[PDB]
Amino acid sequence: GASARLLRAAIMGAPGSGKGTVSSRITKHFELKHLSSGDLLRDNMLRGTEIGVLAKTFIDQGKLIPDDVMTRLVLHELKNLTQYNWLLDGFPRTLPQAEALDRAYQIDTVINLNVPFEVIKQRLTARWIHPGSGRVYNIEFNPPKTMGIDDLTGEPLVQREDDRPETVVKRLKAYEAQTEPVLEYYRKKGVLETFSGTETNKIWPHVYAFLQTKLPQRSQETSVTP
């Protein structure tokens, strides 16, 4: 369609930054292939491939899969997608992945969502479970009537170790350490576009207006016929 005009883009953002929502809306409104490296890894795992076994090992220890493995897997998929616009998501995560990618394809725009630390920390530590019933409470959307207590039984709620504040802080500092070199690398290339905000619905209009200058709105499903 857009003949020598295909978008090679990447989207970046901390866990809890709303990146997942913004990636959904981009794919809802524009004609592009969204390649998510976490989804490639889940599929390989689901299919029980050798990279699926390798990956599950690391992901269980919350580590990054080595750069060469991750780069090979992604580059193999992009080989197939050259005729489409694409949005890469979760890759590059490290500076060897970004340098490697640059030897194979020219990346035109990297979208970075910059949301304050405390906002991301509040999102990621918000979930509590009542173990007996499976009832979930999210402090932002449906808080219990008394904190740490199940509404219906009065029994205590618990939080997974992953959702605890200290664990979350640790994950965010690691993500920052990892991706800060990547952002600086795209910033020297002049391809980094940063969108800052505290709510995803205030950031989205700007990302939408920015990609509309770049690519084809998916033909017309106006579903809010309001």
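The first residue of the sequence shown is number 1, and the count goes up from there.
- Averaged over Cα atoms, the B-factor as recorded in the entry is higher for 53-61 than for the other of 155-163 and 53-61.
- Set 217-225 against 1-9 and average the Cα temperature factors; 217-225 ends up higher.
- For the set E176, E184, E193, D39, the PDB entry puts the maximum C-alpha B factor at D39.
- By the numbers in the PDB entry, the CA B factor is greatest at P143 among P143, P96, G134, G90.
- For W86, the recorded CA B-factor ranks within the middle third of the chain. Only modelled residues enter the ranking.
- Sorting the modelled residues of the chain by their CA temperature factor places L78 in the middle third.
- The deposited CA B-factor of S23 belongs to the lowest third of values across its chain.
- Among the modelled residues of its chain, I129 has a C-alpha B-factor that falls in the lowest third, as given in the PDB entry.
- In the deposited entry, the Cα temperature factor of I120 places it in the middle third of its chain's modelled residues.
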